[PDB]
Amino acid sequence: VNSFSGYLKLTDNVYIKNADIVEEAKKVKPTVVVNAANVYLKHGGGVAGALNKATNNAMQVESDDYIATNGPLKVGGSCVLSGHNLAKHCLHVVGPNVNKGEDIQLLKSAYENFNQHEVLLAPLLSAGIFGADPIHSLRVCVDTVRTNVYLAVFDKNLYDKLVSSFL
Ligand SMILES: O=C(NCc1ccccc1)c1cnccn1
């Protein structure tokens with residue numbers, strides 16, 4: 001049993017809810033919250049900007065130190081940093097940004113990072129300002145992630161479309 005509430009069960013391991021991932025993290029304080037990161041961990045907008053704002057910029061301060069030491073992530077890659085006030089840990093995962101010309105085939109690699117964690121609160125990778133088709137992102141999620149993932153979908157209209165169209 002875990003603390004996630006009000007989710008629709010899509011599969012054995014994937015759950016979905018129309019929710020602000022910031023507000024969901026604050027309520028649940030999950031072991032892992034996933035950030036929709038870029039390779040520079042520059043948390044300007046989308047999910048990353050919202051998560052970072054909720055940390056009062058502490059996520060960005062930690063991230064800048066991480067990049068100064070390690071250099072940029074790979075598209076499809078991840079790193080584990082603090083979850084600050086939102087979670088124990090933040091898994092910063094870089095899905096391909098279609099609005100920068102990145103190979104959409106890297107979305108499956110991105111979601112494979114989730115398999116290193118038993119339970120996660122996450123957004124749909126490469127959705128929103130990353131430009132991918134969210135219906136595709138949910139299909140890759142279901143077909144790639146084997147651990148327990150709680151997808152908080154920000155847009156109510158998109159949520160209903162994702163549920164209604166789900167095979
Ligand atoms: O961009 C965010 N989610 C991604 C998204 C939003 C709309 C349509 C598709 C994808 C976000 C922003 N702020 C808070 C929580 N999520």
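Numbers here are sequence positions counted from 1. For the numbers below, each heavy atom of this structure counts, side chains included, while hydrogens, waters and symmetry mates do not. Counting starts at 1 for both ligands and their atoms, following the listed order.
If you check which protein heavy atom lies closest to atom 6 (C) of ligand 1, you get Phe154 CD2, 4.1 Å. If you check which protein heavy atom lies closest to atom 2 (C) of ligand 1, you get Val47 CG2, 3.5 Å. Of all protein heavy atoms, the one closest to atom 7 (C) of ligand 1 is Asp155 CB, 4.0 Å.
Taking NZ of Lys17 as the start and CG of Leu151 as the end, the distance is 12.5 Å to the nearest 0.5 Å. Separating the CZ atom in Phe130 from the CG atom in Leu124 is a distance of 12.5 Å, to the nearest 0.5 Å.
Residues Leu107 and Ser126 approach most closely at CD1-OG, 3.5 Å, considering heavy atoms.
Residue contacts with ligand 1: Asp20 is included, with a non-hydrogen atom under 4.0 Å away.
Close approach of ligand 1 to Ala50 (heavy-atom distance below 4.0 Å) involves ligand atoms 13 (N), 14 (C). Against a heavy-atom cut-off of under 4.0 Å, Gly128 is close to the following atoms of ligand 1: 5 (C), 9 (C), 10 (C).
Between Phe4 and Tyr150, the two ring planes are parallel [angle under 30°; tilted spans 30° to 60°].
A side-chain donor-acceptor contact under 3.5 Å links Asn99 to the backbone of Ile129.
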